[PDB]
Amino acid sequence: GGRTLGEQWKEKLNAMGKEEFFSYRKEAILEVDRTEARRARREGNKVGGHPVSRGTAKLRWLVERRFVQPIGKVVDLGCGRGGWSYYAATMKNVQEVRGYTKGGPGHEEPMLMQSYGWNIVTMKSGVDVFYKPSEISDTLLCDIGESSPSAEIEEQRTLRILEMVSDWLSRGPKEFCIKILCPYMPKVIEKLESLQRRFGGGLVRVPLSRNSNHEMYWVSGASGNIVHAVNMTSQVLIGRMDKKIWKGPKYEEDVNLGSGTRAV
């Protein structure tokens, strides 16, 4: 009963001043150096192995730790420029990648790249996934979740995604990676515990995430108590607040996606 630890985190966050907030945001997080990829983007370099976004490094973190092992037909919901879609197209047992994203003004259009296995990637823009009828996949990825200063608004947004994701999961995919925008709210916990009982997996925090969000990833390769996993992350995020001296992020090399087509 009562307020959850994550709720205290969000309140404290919302109570920070401008200066404190931006220092906190990146404190002791993992960050990939995107310098080379940004210069590649503006040079139109499609063959250098540079990921289209920071999302590639996030998925890389999870896959290298076996939290998800993409296979067969991969469906990527909210693919954006295609960071997750392209990364999956480099996996050994992936046969097809299908991405869906809304695109349009203010939102990311899929980028056409020549990273390894690009020829098995098909991203369709102009697609609102909440109105897209589910399809069969072997791997389901979903990276949707728009932040709000309101934990109530984020709760509802998370619950809408989980309802949507549940429909795609009943379709059979045994591998999955689903962004949980607001995992600390009681209603979201209850749904997650229900979905874990049916579909398995567990919640993991990726350290590449900023301290200004509590996003966790529901992944098939994880297991264990959801509440404990969430509270631990709440503790780490709160412990990083009001620091004496800011250490900032730990920088890491970006993912290399290579080039070339793969056999079909």
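Quick note: we count residues from 1 along the sequence shown, nothing fancier. Take the two forms, superpose them, and find the largest set of C-alpha atoms that agree within 1.5 Å; that set is the rigid core.
Visitor: Comparing 101 to 109 with 158 to 166, which has C-alphas lying farther from the shown form in 5 other deposited structures of this protein once the core is aligned?
Guide: Most displaced of the pair in 5 other deposited structures of this protein: 101 to 109.
Visitor: Counting only other entries that model residues on either side of residue 35, is it left out in at least a third?
Guide: Residue status for residue 35: no gap in any other entry.
Visitor: Taking the other compared PDB entries with both flanking residues modelled, is residue 235 unmodelled in at least a third?
Guide: Across the compared entries, residue 235 is modelled every time.
Visitor: Take the C-alpha B-factors listed in the entry for 240 to 248 and for 9 to 17, compute each mean, and give the stretch with the larger one.
Guide: Stretch with the greater average CA B-factor: 240 to 248.
Visitor: Sorting the chain's CA B-factors, does residue 106 end up in the lowest, middle or highest third?
Guide: For residue 106, the deposited C-alpha B-factor lands in the middle third.
Visitor: Comparing against every modelled residue in the chain, figure out the third that the C-alpha B-factor of residue 40 lands in (lowest, middle or highest).
Guide: Residue 40: CA B-factor falls in the highest third of its chain.
Visitor: Among the modelled residues of its chain, does the C-alpha B-factor of residue 200 lie in the lowest, middle or highest third?
Guide: It belongs to the lowest third of the chain when residues are ordered by C-alpha B-factor.
Visitor: Please place residue 116 in the lowest, middle or highest third of its chain according to the CA B-factor in the PDB entry.
Guide: Lowest third of the chain for residue 116's C-alpha B-factor.
Visitor: Would you mind ranking residue 138 by its C-alpha B-factor against the rest of the chain and naming the third, lowest, middle or highest?
Guide: Lowest third, going by the recorded CA B-factors of the chain.
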